[PDB]
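Participant: return atomic coordinates for the entry below.
(chains A, B and C)
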Amino acid sequence: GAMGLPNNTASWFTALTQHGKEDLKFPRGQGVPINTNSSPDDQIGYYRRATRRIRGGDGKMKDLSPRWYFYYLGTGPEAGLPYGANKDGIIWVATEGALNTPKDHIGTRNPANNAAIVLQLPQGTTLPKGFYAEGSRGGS
RNA sequence: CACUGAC
RNA sequence: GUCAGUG
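Facilitator: Numbers count the residues shown, from 1 in each chain, chains lettered A, B, ... in the order given. Below is the structure in question.
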């Protein structure tokens, strides 16, 4: 059969770097950042834990901390991940006003032309102890 | 994560 | 954000 899927799918926001023992788990109704780029019904997706480790010949690896990128529901022409699907490094997040349906309309952007916004949480929502904001410090 | 160069 | 390389 054929292999090699040229799928980019860049996140409009940053990721979530974890520095602890646990992975990531958001409560029902939380986990959705301030997506000013999407509509209220688009406030539903999942987090994907990715890593960037350069594979060198000598063995030199850049080594980057595990970060969970924010992906909207239906991000990928051949993702095959319905709301609720349990996958490694994949957690679903939904809020009030979001409907169950793929919305790949916001799951596309040129990463080498358009940057991403710092993933921030709304009022009454704080990040779990162990995670930090990528590109933002609590005070600076 | 630390440092540089680039879109 | 993303690519190349090094610490």
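
Participant: near RNA strand C, which residues of chain A show up?
Facilitator: Neighbours of RNA strand C within chain A, by C-beta under 7 Å from any atom of the strand: A:10-11, A:14-15, A:50, A:52, A:54, A:56, A:58, A:60-63, A:69, A:111-112, A:115-116, A:134-135. Using the backbone N, CA and C atoms, a C-beta is placed for each residue, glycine as well.

Participant: give the ChimeraX command for selecting the buried subset of those residues.
Facilitator: A single ChimeraX command is used to select the members of the residues of chain A next to RNA strand C judged buried by 16 or more other C-beta atoms under 10 Å:
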select /A:10,11,14,15,69,116,134
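
Participant: counting only strands, which of the residues of chain A next to RNA strand C make the cut?
Facilitator: Using DSSP state E, the members of the residues of chain A next to RNA strand C that fall in strands are A:15, A:50, A:69.

Participant: hmm, back to that, so which of the residues of chain A next to RNA strand C reach RNA strand B?
Facilitator: Within those, those near RNA strand B by C-beta under 7 Å from any atom of the strand are A:62, A:63, A:112, A:134.

Participant: check those and tell me the two furthest apart.
Facilitator: Distances among these were taken as C-beta to C-beta; the most separated pair is A:63 and A:112, at 23.1 Å.

Participant: I'd like the distance between the closest residue to residue A:19 other than its chain neighbours and residue A:68.
Facilitator: Spatial nearest neighbour of residue A:19, chain neighbours left out: residue A:130 (5.9 Å); criterion: C-beta to C-beta, 6 or more residues apart in numbering. As judged by C-beta to C-beta, to the nearest Å, residue A:130 and residue A:68 stand 12 Å apart.

Participant: same question for residue A:118.
Facilitator: 14 Å.

Participant: no more questions from me, cheers.
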